[PDB]
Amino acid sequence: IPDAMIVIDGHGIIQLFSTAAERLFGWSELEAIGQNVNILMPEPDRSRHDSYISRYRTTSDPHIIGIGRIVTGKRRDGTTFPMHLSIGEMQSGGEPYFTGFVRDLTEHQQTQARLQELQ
């Protein structure tokens, strides 16, 4: 089930960016591949993201890995949107890499908001 998929290294730098992720976030694969993953989210998360990763690497206490969470992401044109995020942990060449699977929930949030406003 291809949804948006992103692989980052232990520093948050993007290694691979699926074509579905390009459609969702507005960045091409080439544009994203050397950027920090924090470019896909707004503040306060953006500036705090590196410490989320560092805190996990030092403690081994997952807050989203193996749990899943609904959050707000940011597209290249500046628009934000709700998405579900799941994180997988992997190893390659001795170093940790993390895989993120994203499911866009904009439609769901809208329908729900629509049903609510019509009482």
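Note that residue numbering begins at 1 and tracks the sequence as displayed. Between two forms, the rigid core is defined as the largest C-alpha subset superposing within 1.5 Å.
With 59-67 and 74-82 as candidates, the stretch whose CA atoms show the greater average offset from this form in 6 other deposited structures of this protein after a core fit is 59-67. 42-50 and 88-96 differ in mean CA B-factor, and the higher of the two is recorded for 88-96. According to the PDB record, 72-80 carries the higher mean C-alpha B-factor of the two stretches 72-80 and 32-40. For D9, the recorded CA B-factor ranks within the lowest third of the chain. Only modelled residues enter the ranking.
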